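Each remark here refers to the structure printed beneath this line.
When reading the values below, keep in mind they use all heavy atoms of this one structure, side chains included, and skip hydrogens, waters and symmetry mates. Note that ligands are numbered from 1 as they come in the structure, with each ligand's atoms numbered from 1 the same way. Naming convention: chains lettered A, B, ... in sequence-line order (proteins, then strands); numbering from 1 in each chain.
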Amino acid sequence: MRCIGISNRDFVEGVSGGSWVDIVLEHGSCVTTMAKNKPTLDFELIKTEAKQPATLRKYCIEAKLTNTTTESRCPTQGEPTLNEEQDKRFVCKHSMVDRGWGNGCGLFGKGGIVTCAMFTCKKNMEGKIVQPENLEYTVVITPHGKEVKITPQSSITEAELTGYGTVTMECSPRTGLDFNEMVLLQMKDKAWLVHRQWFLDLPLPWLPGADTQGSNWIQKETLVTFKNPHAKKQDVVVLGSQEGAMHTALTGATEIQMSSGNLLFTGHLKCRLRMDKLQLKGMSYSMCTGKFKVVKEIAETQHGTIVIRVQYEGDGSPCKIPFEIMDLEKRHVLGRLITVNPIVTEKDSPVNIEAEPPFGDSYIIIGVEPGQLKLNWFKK
Amino acid sequence: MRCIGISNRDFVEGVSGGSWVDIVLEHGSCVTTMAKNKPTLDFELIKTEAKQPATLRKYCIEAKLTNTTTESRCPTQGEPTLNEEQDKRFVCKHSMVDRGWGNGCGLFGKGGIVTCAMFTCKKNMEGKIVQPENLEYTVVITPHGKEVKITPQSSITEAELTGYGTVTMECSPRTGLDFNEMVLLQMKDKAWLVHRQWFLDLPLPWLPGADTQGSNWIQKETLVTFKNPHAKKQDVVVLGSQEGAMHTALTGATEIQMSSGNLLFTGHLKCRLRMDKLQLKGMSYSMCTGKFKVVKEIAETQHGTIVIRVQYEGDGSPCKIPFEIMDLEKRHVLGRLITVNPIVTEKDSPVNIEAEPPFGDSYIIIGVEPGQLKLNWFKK
Amino acid sequence: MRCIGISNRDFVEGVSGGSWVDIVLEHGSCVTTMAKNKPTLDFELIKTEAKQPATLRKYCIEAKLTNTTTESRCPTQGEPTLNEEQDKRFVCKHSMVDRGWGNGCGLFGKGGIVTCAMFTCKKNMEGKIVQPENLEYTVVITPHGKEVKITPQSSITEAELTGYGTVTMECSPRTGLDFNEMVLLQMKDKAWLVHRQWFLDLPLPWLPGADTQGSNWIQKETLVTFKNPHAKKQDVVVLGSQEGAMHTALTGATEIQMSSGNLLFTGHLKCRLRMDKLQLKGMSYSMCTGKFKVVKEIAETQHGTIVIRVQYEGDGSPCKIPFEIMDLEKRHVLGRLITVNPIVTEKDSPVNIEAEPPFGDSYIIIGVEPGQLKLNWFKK
Ligand SMILES: *[C@@H]1O[C@H](CO)[C@@H](O)[C@H](O)[C@H]1NC(C)=O
Ligand SMILES: *[C@@H]1O[C@H](CO)[C@@H](O)[C@H](O)[C@H]1NC(C)=O
Ligand SMILES: *[C@@H]1O[C@H](CO)[C@@H](O)[C@H](O)[C@H]1NC(C)=O
Ligand SMILES: [Cl-]
């Protein structure tokens, strides 16, 4: 088997009207239901993706300076000026400089000076926001299939399934990210989920999200430094590419994989199915009594939870996986289990168990004592 | 007819307990249900409104300068000063200026100078945020009516309906805006929905949202420019009203209509009705076989979806509107249809069909081939 | 009694499958249900807490200045410099100052000067954000108990209850705060809920949320002022502790009580219970006919609603509390009542009634005319 059956309590057959069913669809899993004398149905969330996220802000990480120009005046000659001061492509600075007989002036004193240099971004990176319009879930329904799209705005879909006819499916996000707080930082072919404020405070030149020209950078001086003015000239220098510094700053950040302009997430949905009055098949699994083997150690998800991948090597599958979370002592914690009714449908086949441990030290207990796994975990 | 009946699968009559019903209420539509030997009931969302949204920030778009004053010193006389430098109503600037025998000093050199001018906002605009407390939906229930209010915080209401007695109605928002990302920009009698960051980065003088005085503007220099200082005087000039520039900057922005301090939105609700155990009337509509006429071409909604207004000119109404969305090729897309179970209750009467097309090029297909409408659409 | 029974319409027993039940759990209340020949069950939300909220930003409210150092040059000697200019712990300022025979220079004129002073924060405060991972609700289920944890990410829990066996409980937040808009401001042992932008615009030196060192403050000049330079020295002064000013600025702000690193909120949940097919006990209460006494006058909650605490002194309890909200005239308002089906389970025992009045002037009407309470209220 590959598919997990719903519990008898997961559906209600009305005296009149239809039959309502609740199902939880997590990546890697398969949920099945069957009506009397009707084709068996499988439900599976295939992917969660954000398509074409809009740009919140663009940051320049490598800029080059060219066309340096300076206007210097002698005492009594007033303020210098440059047309470039009005060209947003240029970074400029006004200051005072010593003038005298050595540099063509008849008086010794401070003279005004202004220098401008053309700022050209060579490499940038941008923060993008995921809005409701960008999120899409893909669910496949297989009678024995049909691929349906689900979005935050369009959560309801009617699908005709042979044997059942029309069946309504209404799904909503269950364990994702707060896209108002978390922003997607993109540098070339890579991406990371980062906090919005951290992103907005980065000390780099920037342009608004809807900017198309990409030339009138704000806060160019974050990368530019004007050297001390000489009598009639002044040099302007720039930091080198900040690509490396960004990588360092991103050390702990969650990395997201991209598919050319679109990102893949580990989605989780809660769905309600509405169909004609029909007596459905409920399933009850016995607790596994065998030992489990850890396939992949406790790992954090992209969305503040953890997953432990295990494999059942005992007997009696399909069976329910004994699971518990307890505090520093031995007090069990009810709740915190994302993968409710965790069942292994077969032996020697990896299964993901998702959970949300309490802050501090806790223990993840899997299986019954004969070979029971006791995993430590520290959070935040 | 005007009202659309629920599907048999849209309700469940318990063996014991009550009867639960699901209904979707969109603007322009009417949903009806009827119990056995009981009065027929109509449900309709009448309006979605945001009342008294609080101010996030206030921007000055037209300022006037008065009371220009300057203190200028000769070399060796140190720094000039003005009491107004401490008055937040004034914009001030310190600089150096050439002094000499021509302007009353005994020595030629740079002297410090300071100039302040009173900044007075003449016209402002403000960004307002819609919080949960500001949103209100109005639903009318008509037996054959009763007006009920629904808010994000108070989504449940018990209403006594003759024939049914008490019936519980629980509704929640279904296809709206992300008020954490979108902000309402107001200029006089007009309003627009804009992105929060774009708004927060506007290069204009501003005051915090809770500000009541409206005089101590931050960043006055966004509108003010100090001319080059003369020996003992200096002029200060200001940009003109930025009303026009804002209109240009708002070119593509979604415009929102206001009703003196309150804004109207196109709301959409999902509601659950709970009532005494009762056998309800379910309705099944046949597919329309006639031709449709486009009343209003595909138009974008305020909330990232689209609406196509059509009219049925064929026979057999009430009937279901054949509808489909397909990609650049001909692959149909399941889901994406906001107006599920789109039915025309009568001939020659406009009906709104809402949908959320995929990014890129897609086709909206309405009606069956004999005169089928094939509408192109490009998104993002 | 202490517990409130569900209404017959609050549950549905399927012909096949299970029995689904809806319950609303508010602080201070107790909801009970009972199946035929089964133990009676009580449900109660015990607390809503945010644990270990991450820091958004840190502000310094009291800083001390030490190690003031200045480099001053004579005319013709160019720009002064200090190594400390590169030390982020120091606040520095460049300017011009008059030099002459009185201070060791051979020429009279403006000379460059630079002064730096070590900035050390002595007292800070920080804004923290509540993310989904930080919120936890504690619900106790008592047969006649079991404590279950509920979080935004883990809203579903299966609990074994003697007599019923396994029962699924799925709960979600119902009347809380928008943690994307509201931020927690913490000063020592106290805390307040404040608007994010107001917080982000405070005119104080700051450090990013993930900052651990707490020494390289941004915008130190918000607290520091450089006095007018003297020939070879210059004093730097700082504002005193801004603790008092903050308290003044926080005058109207909602205060939150803390429990050493974690905050307590008034939570409200909506829960769905799924269990084996079982005929449950529904309860119908008669309207109270007696007089009520006000225990605590209308008070605002932490989340934009109001609560009126009353006591029933009449006869017939348990009975339903007559309740209504009406506008400036006498037009009743349906909806707006958070505590739906407000019942007093006993005489002389305080009961909280929560509601969300319309903006403007409204009246809260409690009880039937013989001694009816008519409470005024103004909102926003
Ligand atoms: C530098 O001179 C101007 C300054 O903007 C610029 O247009 C040009 O491309 C640069 N090179 C030349 C022509 O010197
Ligand atoms: C300008 O002078 C002061 C400067 O603030 C101001 O109070 C006054 O109204 C203005 N007009 C006068 C009296 O000159
Ligand atoms: C001031 O001098 C340096 C400046 O940073 C500092 O390290 C030291 O602790 C202070 N006190 C002394 C040694 O003068
Ligand atoms: Cl000089």
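Between C/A117 and C/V236, the shortest heavy-atom contact is CB-CG2, 4.1 Å. The two atoms that bring A/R73 and A/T81 nearest to each other are NH2-N, 4.4 Å, heavy atoms only.
Atom 5 (O) of ligand 1 has as its closest protein heavy atom A/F90 CZ, 3.3 Å.
Within the set A/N67, A/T69, A/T66, A/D87, the minimum heavy-atom distance to atom 1 (C) of ligand 1 is found for A/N67.
In this structure, atom 14 (O) of ligand 1 has its sub-4.0 angstrom surroundings free of protein heavy atoms.
A 4.5 Å side-chain heavy-atom check between A/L82 and A/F90 finds every atom pair outside the cut-off.
Atom CG of B/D235 is surrounded by 12 or fewer heavy atoms from other residues, nucleotides or ligands within 6.0 Å.
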